[PDB]
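Visitor: Sharing a structure below in structure tokens format, with a few things to ask.
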Amino acid sequence: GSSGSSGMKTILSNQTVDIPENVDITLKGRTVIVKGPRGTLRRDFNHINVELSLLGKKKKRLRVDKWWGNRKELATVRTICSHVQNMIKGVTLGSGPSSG
């Protein structure tokens, strides 16, 4: 079961994002733009050097990738993914958990 060993291994593991039809998202280089019937929110990830890919097998899906290696992608993916997901919900619902 349990598994762990000190070192470094290029663990190829990318994340996939799903998007509805009532929302329009424009991808430009390293900037993610989200448009909703409740507002428009965009984010820029230039300052940060990562990997990304456009997927649309069935629906407008976004692929988030980062320096393949340690389990760092876990925290980076959760943060980046949350940002995009939060934007959609905010532009499709109104606002998010953001307090004050």
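Ligands are numbered from 1 in the order shown, chains are lettered A, B, ... in the order of the structure tokens, and residues start at 1 in each chain.
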What's the 12 Å shell around residue A:4, counting only C-alpha atoms, without same-chain residues fewer than 5 positions away, as a ChimeraX atom specification?

Guide: /A:9,70-71

Visitor: Determine which residues of chain A DSSP labels as strand (DSSP E) from the backbone of this structure, then write them out as a PyMOL selection string.

Guide: chain A and resi 15-17+24-28+31-36+39-44+51-55+61-65

Visitor: Okay, now the selection with N, CA, C and O atoms, as a compact mmCIF listing (two decimals), in the first residue's frame?

Guide:
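And here's again00.txt as it stands now:
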```txt
# COMPACT_ATOMS: atom_id res chain seq x y z
N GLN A 15 -3.98 17.98 -15.42
CA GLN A 15 -5.36 18.13 -14.97
C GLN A 15 -6.25 18.63 -16.10
O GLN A 15 -5.80 19.38 -16.97
N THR A 16 -7.51 18.22 -16.09
CA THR A 16 -8.46 18.63 -17.11
C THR A 16 -9.63 19.40 -16.50
O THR A 16 -10.17 19.01 -15.46
N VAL A 17 -10.01 20.49 -17.15
CA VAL A 17 -11.11 21.32 -16.67
C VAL A 17 -12.30 21.25 -17.63
O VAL A 17 -12.13 21.20 -18.84
N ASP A 24 -18.55 31.40 -21.82
CA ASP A 24 -17.55 31.48 -22.88
C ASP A 24 -16.17 31.81 -22.31
O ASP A 24 -16.01 32.80 -21.59
N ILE A 25 -15.19 30.98 -22.63
CA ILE A 25 -13.83 31.19 -22.15
C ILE A 25 -12.85 31.32 -23.31
O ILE A 25 -12.82 30.48 -24.21
N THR A 26 -12.04 32.38 -23.28
CA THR A 26 -11.06 32.62 -24.33
C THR A 26 -9.64 32.40 -23.82
O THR A 26 -9.23 33.01 -22.83
N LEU A 27 -8.90 31.53 -24.49
CA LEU A 27 -7.53 31.23 -24.11
C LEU A 27 -6.54 31.98 -25.00
O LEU A 27 -6.55 31.83 -26.22
N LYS A 28 -5.68 32.77 -24.37
CA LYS A 28 -4.67 33.54 -25.11
C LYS A 28 -3.29 33.37 -24.48
O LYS A 28 -2.98 34.00 -23.47
N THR A 31 -2.91 33.37 -20.64
CA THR A 31 -3.98 34.09 -19.97
C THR A 31 -5.33 33.41 -20.18
O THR A 31 -5.71 33.11 -21.31
N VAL A 32 -6.04 33.17 -19.09
CA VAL A 32 -7.35 32.53 -19.15
C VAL A 32 -8.47 33.53 -18.93
O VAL A 32 -8.58 34.12 -17.86
N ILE A 33 -9.30 33.73 -19.95
CA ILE A 33 -10.41 34.66 -19.87
C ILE A 33 -11.74 33.92 -19.76
O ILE A 33 -12.02 33.01 -20.54
N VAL A 34 -12.56 34.32 -18.80
CA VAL A 34 -13.86 33.70 -18.59
C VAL A 34 -14.98 34.73 -18.72
O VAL A 34 -14.92 35.81 -18.14
N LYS A 35 -16.02 34.37 -19.47
CA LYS A 35 -17.16 35.26 -19.67
C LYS A 35 -18.46 34.57 -19.27
O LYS A 35 -18.75 33.46 -19.71
N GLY A 36 -19.24 35.24 -18.43
CA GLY A 36 -20.50 34.68 -17.98
C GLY A 36 -21.63 35.69 -18.01
O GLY A 36 -21.41 36.90 -18.11
N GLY A 39 -21.13 38.25 -15.34
CA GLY A 39 -19.94 39.08 -15.32
C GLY A 39 -18.80 38.47 -16.11
O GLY A 39 -18.92 37.36 -16.63
N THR A 40 -17.69 39.19 -16.19
CA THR A 40 -16.52 38.72 -16.91
C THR A 40 -15.27 38.73 -16.03
O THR A 40 -14.91 39.77 -15.47
N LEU A 41 -14.63 37.58 -15.90
CA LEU A 41 -13.42 37.46 -15.08
C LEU A 41 -12.30 36.80 -15.87
O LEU A 41 -12.51 35.81 -16.56
N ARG A 42 -11.09 37.35 -15.74
CA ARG A 42 -9.93 36.81 -16.44
C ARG A 42 -8.72 36.74 -15.51
O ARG A 42 -8.63 37.50 -14.54
N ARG A 43 -7.81 35.83 -15.81
CA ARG A 43 -6.61 35.66 -14.99
C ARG A 43 -5.37 35.48 -15.88
O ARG A 43 -5.44 34.85 -16.93
N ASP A 44 -4.25 36.04 -15.44
CA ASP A 44 -3.01 35.95 -16.18
C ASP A 44 -1.97 35.15 -15.41
O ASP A 44 -1.67 35.45 -14.25
N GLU A 51 2.93 24.77 -18.10
CA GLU A 51 2.49 24.16 -19.34
C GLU A 51 0.97 24.08 -19.40
O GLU A 51 0.32 23.75 -18.41
N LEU A 52 0.41 24.39 -20.57
CA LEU A 52 -1.03 24.35 -20.76
C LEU A 52 -1.39 23.81 -22.14
O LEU A 52 -0.57 23.83 -23.06
N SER A 53 -2.61 23.31 -22.28
CA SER A 53 -3.08 22.76 -23.54
C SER A 53 -4.58 22.93 -23.69
O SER A 53 -5.32 22.91 -22.71
N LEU A 54 -5.03 23.11 -24.93
CA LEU A 54 -6.45 23.28 -25.21
C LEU A 54 -7.10 21.96 -25.63
O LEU A 54 -6.64 21.32 -26.57
N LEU A 55 -8.15 21.57 -24.92
CA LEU A 55 -8.86 20.33 -25.23
C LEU A 55 -10.34 20.60 -25.48
O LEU A 55 -10.97 21.39 -24.78
N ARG A 61 -12.88 22.33 -22.94
CA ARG A 61 -12.13 21.89 -21.77
C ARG A 61 -10.72 22.48 -21.77
O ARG A 61 -10.12 22.66 -22.83
N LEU A 62 -10.21 22.78 -20.59
CA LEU A 62 -8.87 23.35 -20.45
C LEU A 62 -7.94 22.39 -19.72
O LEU A 62 -8.30 21.84 -18.68
N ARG A 63 -6.74 22.20 -20.27
CA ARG A 63 -5.76 21.31 -19.66
C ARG A 63 -4.66 22.11 -18.97
O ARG A 63 -3.94 22.88 -19.60
N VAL A 64 -4.53 21.91 -17.66
CA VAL A 64 -3.52 22.61 -16.88
C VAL A 64 -2.33 21.70 -16.58
O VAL A 64 -2.50 20.60 -16.05
N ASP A 65 -1.14 22.17 -16.92
CA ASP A 65 0.08 21.40 -16.69
C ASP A 65 1.15 22.26 -16.03
O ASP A 65 1.17 23.48 -16.19
```

Visitor: Out of chain A, which residues get alpha helix (DSSP H) from DSSP, as a ChimeraX atom specification?

Guide: /A:72-92

Visitor: Mind giving me the straight-line distance from atom CA of residue A:59 to atom CA of residue A:30 in Å, one decimal?

Guide: 20.1 Å

Visitor: I'd like the interatomic distance between atom CA of residue A:38 and atom CA of residue A:81, to a tenth of an Å.

Guide: 20.0 Å

Visitor: Which residue gives the smallest distance to residue A:57 among A:18, A:79, A:73, A:85, with only C-alpha atoms counted?

Guide: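 Smallest distance to residue A:57 is found for A:18.
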